[PDB]
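Below, in structure tokens: the form solved without the DNA, a single chain.
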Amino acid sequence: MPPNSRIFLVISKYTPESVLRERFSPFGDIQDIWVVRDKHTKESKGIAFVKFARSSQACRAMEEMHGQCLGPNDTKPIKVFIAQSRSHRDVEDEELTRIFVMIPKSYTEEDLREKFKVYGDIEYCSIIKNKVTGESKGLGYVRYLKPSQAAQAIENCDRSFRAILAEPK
């Protein structure tokens, strides 16, 4: 259950778990499907959660299923977001596209770009440089276009890079 691998859905209250399963299984390994219902009336509240094995699967499902219709009888389109674990119910895409990496100090900006462009569209790319010596601090930032690309980078690149999403201090 890696971070950012659970999605939150706003769906029709007549949408069962089976529809969600058959429509979201192609994106990856589903570990849980939870349509929120009233504990006393057992009636769906029109919200759902789907848990994937990898954050890239959840991000792709969110990017490809947001705005779709889950049934001709089910009327209005659904909304899909990345569910946040901490105490709105959704993460913002700005918090999902930029990764922080540890690079060898010999990496130029072009080295980082060539090593990380294989995971998606690099929107911005920079390396933290020691102002005094003018040399790299061994730290880099890569902001992609889609959250799925950042997740693919995080879970596919070498473990020496210690790739992780950027986050406030």
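From 1 onward, residues are counted along the sequence shown. Rigid core here is just the name for the largest C-alpha set that superposes within 1.5 Å across the two forms.
We do not show the form solved in complex with the DNA, though everything after this point is about it.
J.: The DNA in the bound PDB entry: within 4.5 Å of a heavy atom of each of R6, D32 and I128?
T.: Heavy-atom distance to the DNA in the bound PDB entry: all three under 4.5 Å.
J.: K45: heavy atom within 4.5 Å of the DNA in the bound PDB entry?
T.: Flag for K45 set to yes.
J.: When the contact criterion is heavy atoms within 4.5 Å, does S85 count as touching the DNA in the bound PDB entry?
T.: Close contact exists here: in the bound PDB entry, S85 approaches the DNA to within 4.5 Å, heavy atoms only.
J.: Under a 4.5 Å heavy atom criterion, is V101 part of the interface with the DNA in the bound PDB entry?
T.: Within the cut-off, so yes.
J.: I'd like to check something about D90: if you look in the bound PDB entry, is any of its heavy atoms closer than or equal to 4.5 Å to a heavy atom of the DNA?
T.: Because a heavy atom of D90 falls inside 4.5 Å of the DNA in the bound PDB entry, the answer is yes.
J.: Could you tell me which of 53 to 61, 22 to 30, 139 to 147, 107 to 115 sits within 4.5 Å of the DNA in the bound PDB entry, going by non-hydrogen atoms?
T.: Answer to the contact question: 139 to 147.
J.: Heavy atom within 4.5 Å of the DNA in the bound PDB entry: which residues of 137 to 169 qualify?
T.: The stretch touches the partner through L139, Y141, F161, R162, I164, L165, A166, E167, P168, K169.
J.: Would you say whether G134 is displaced between this form and the one not shown, judging by a C-alpha shift of 2 Å or more on the superposed rigid core?
T.: Indeed, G134 is displaced by 2 Å or more.
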